[PDB]
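One structure is given here, and the rest of the page talks about it.
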6 protein chains.
Amino acid sequence: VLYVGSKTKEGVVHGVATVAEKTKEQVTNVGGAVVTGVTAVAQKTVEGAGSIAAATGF
Amino acid sequence: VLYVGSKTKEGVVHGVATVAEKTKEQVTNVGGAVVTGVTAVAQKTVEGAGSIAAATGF
Amino acid sequence: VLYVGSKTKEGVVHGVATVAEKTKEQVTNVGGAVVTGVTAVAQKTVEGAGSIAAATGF
Amino acid sequence: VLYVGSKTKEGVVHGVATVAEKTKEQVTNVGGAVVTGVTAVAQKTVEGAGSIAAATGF
Amino acid sequence: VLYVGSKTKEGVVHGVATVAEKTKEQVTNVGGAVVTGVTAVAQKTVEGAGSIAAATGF
Amino acid sequence: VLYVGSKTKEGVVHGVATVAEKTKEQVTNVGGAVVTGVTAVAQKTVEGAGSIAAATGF
């Protein structure tokens, strides 16, 4: 609301360093969501919002 | 509400260093959500919001 | 509410260093959520919000 | 000398995962060797060879 | 000398994952060797060879 | 000397993943060697050769 010289880092992912030799991601879905591999979602304010993998269904 | 020179880190993931040689992620879903692999979700305010893997169903 | 020069780390995951040689994540769901692998969720204020693996069902 | 399908790991360091918040390495030498911080030397055959910190002197 | 389908890892360092927030390496030498910070030397055959920090002197 | 279908990794460093926020390397030498920061030397055959920080002196 009122900052007088601060330093903020609200809602941050910092450093996802990753090392791999092989990678075989094998997804076969039908009617839903799938998210694989590296993922670095970063939000500050989520006002009743969705997931990172949503499946509403019927 | 009022900062007079502080230093804040509200809602942060910092450092997800990872080392691997092989990786075989094998998902076969039908009607739901799946999230695999490295994941670094980082939020500050979640006002009644979703998960990181939601399955609403019927 | 009022900081006069403090240093805060409210809601932080710091350091998830991980070392592996092989990895075989094998999920086969039908109607629910699944989350595997490294995961570093980090939140500050969760006002009656969701999980990191939700299954609402009927 | 003769391998017929084995799997060997001769001379290996595997996994030096390390987590720290601060680090202040303060060396002031004059006439010798100094080695600090993380170190993961890994050799197989050392035929009368040197150290990882040698000081021959006069 | 003779491999018939093996899998070898002779002389390997694998995985030096490291996480830090601050780092202040302060070296002031005069006449010798200094090595600091992360270091991942990896050799197979060292036939009477040097160190990773040598100081021959007079 | 004779490989008939093997898979070798002789003399390898694999994965030096590193995460830091600050870094202040402050070296003031006079007559010797200094090596700081991340370092991933990787050799196979060192036939009586040098170090990674040599100081011959007089």
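By convention in this document, the chains of the structure tokens carry letters A, B, ... by their order, each chain's residues are numbered from 1, and ligands are numbered from 1 in the order they are shown.
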
Could you give me, as a tab-separated table, every chain B residue with an atom at most 7 Å from range 23-45 of chain C, plus its closest atom pair and distance in Å to one decimal, counting only C-alpha atoms, rows ordered by chain then number?
residue	atom	partner	partner_atom	distance
B:10	CA	C:44	CA	6.5
B:11	CA	C:43	CA	5.1
B:12	CA	C:42	CA	6.3
B:13	CA	C:42	CA	6.1
B:22	CA	C:23	CA	6.2
B:23	CA	C:23	CA	4.8
B:24	CA	C:24	CA	4.8
B:25	CA	C:25	CA	4.8
B:26	CA	C:26	CA	4.8
B:27	CA	C:27	CA	4.8
B:28	CA	C:28	CA	4.9
B:29	CA	C:29	CA	4.9
B:30	CA	C:30	CA	4.9
B:31	CA	C:31	CA	4.9
B:32	CA	C:31	CA	4.6
B:33	CA	C:33	CA	4.9
B:34	CA	C:34	CA	4.8
B:35	CA	C:35	CA	4.8
B:36	CA	C:36	CA	4.8
B:37	CA	C:37	CA	4.8
B:38	CA	C:38	CA	4.8
B:39	CA	C:39	CA	4.8
B:40	CA	C:40	CA	4.8
B:41	CA	C:41	CA	4.8
B:42	CA	C:42	CA	4.8
B:43	CA	C:43	CA	4.8
B:44	CA	C:44	CA	4.8
B:45	CA	C:45	CA	4.9
B:46	CA	C:45	CA	6.2
B:53	CA	C:33	CA	5.5
B:54	CA	C:33	CA	6.0
B:55	CA	C:32	CA	5.4
B:57	CA	C:31	CA	6.8

Residues of chain E within 12 Å of chain A, counting only C-alpha atoms - could you list those as JSON, numbers by chain?
{"E": [14, 15, 16, 17, 18, 19, 20, 21]}

Work out how far apart CA of residue 49 in chain D and CA of residue 58 in chain E are and give it in Å to one decimal.
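Result for CA of residue 49 in chain D versus CA of residue 58 in chain E: 20.2 Å, one decimal.
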
For CA of residue 1 in chain A and CA of residue 50 in chain C, quote the distance in Å rounded to one decimal.
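Atom-to-atom, CA of residue 1 in chain A to CA of residue 50 in chain C, that is 26.6 Å.
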
List the spatial neighbours of residue 8 in chain D as a ChimeraX atom specification - criterion: any atom at most 12 Å away, only C-alpha atoms, same-chain residues fewer than 5 positions off excluded.
/D:3 /E:3,5-12 /F:6-10

Using only C-alpha atoms, please write the residues we just selected to a file, as a JSON list (two decimals), in the first residue's frame.
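So result.json came out as:
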[["chain", "number", "residue", "atom", "x", "y", "z"],
["D", 3, "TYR", "CA", 34.36, -57.56, -19.25],
["E", 3, "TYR", "CA", 35.05, -54.95, -23.30],
["E", 5, "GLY", "CA", 29.32, -54.89, -24.17],
["E", 6, "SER", "CA", 29.85, -53.48, -20.69],
["E", 7, "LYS", "CA", 28.93, -49.96, -19.56],
["E", 8, "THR", "CA", 31.66, -48.16, -17.63],
["E", 9, "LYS", "CA", 31.90, -44.81, -15.82],
["E", 10, "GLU", "CA", 35.62, -44.72, -15.07],
["E", 11, "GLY", "CA", 36.62, -41.40, -13.51],
["E", 12, "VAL", "CA", 33.42, -39.34, -13.32],
["F", 6, "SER", "CA", 30.41, -50.90, -24.84],
["F", 7, "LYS", "CA", 29.41, -47.41, -23.70],
["F", 8, "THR", "CA", 32.09, -45.55, -21.74],
["F", 9, "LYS", "CA", 32.24, -42.21, -19.93],
["F", 10, "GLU", "CA", 35.95, -42.04, -19.14]]

Strand (DSSP E) residues, from DSSP on the backbone, in chain C, as a PyMOL selection string:
chain C and resi 7-8+12-14+18-19+24-27+34-35+45-46

Distance of CA of residue 2 in chain D from CA of residue 4 in chain E, expressed in Å to one decimal place
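Taking CA of residue 4 in chain E and CA of residue 2 in chain D, their separation equals 7.8 Å.
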
6 Å contact set for residue 52 in chain B, only C-alpha atoms, chain neighbours under 3 positions out, as an MDAnalysis selection string:
(chainID A and resid 51:52) or (chainID C and resid 52)

Once you have the residues from the selection above, write them out as an mmCIF file, in the first residue's frame, restricted to N, CA and C atoms.
data_model
loop_
_atom_site.group_PDB
_atom_site.id
_atom_site.type_symbol
_atom_site.label_atom_id
_atom_site.label_comp_id
_atom_site.auth_asym_id
_atom_site.auth_seq_id
_atom_site.Cartn_x
_atom_site.Cartn_y
_atom_site.Cartn_z
ATOM 1 N N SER A 51 -6.300 -23.685 -11.841
ATOM 2 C CA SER A 51 -5.142 -24.464 -11.430
ATOM 3 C C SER A 51 -4.039 -24.320 -12.480
ATOM 4 N N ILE A 52 -3.039 -25.198 -12.447
ATOM 5 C CA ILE A 52 -2.147 -25.386 -13.585
ATOM 6 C C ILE A 52 -2.448 -26.670 -14.331
ATOM 7 N N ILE C 52 -2.849 -28.908 -3.449
ATOM 8 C CA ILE C 52 -1.993 -29.128 -4.608
ATOM 9 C C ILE C 52 -2.362 -30.400 -5.347
#
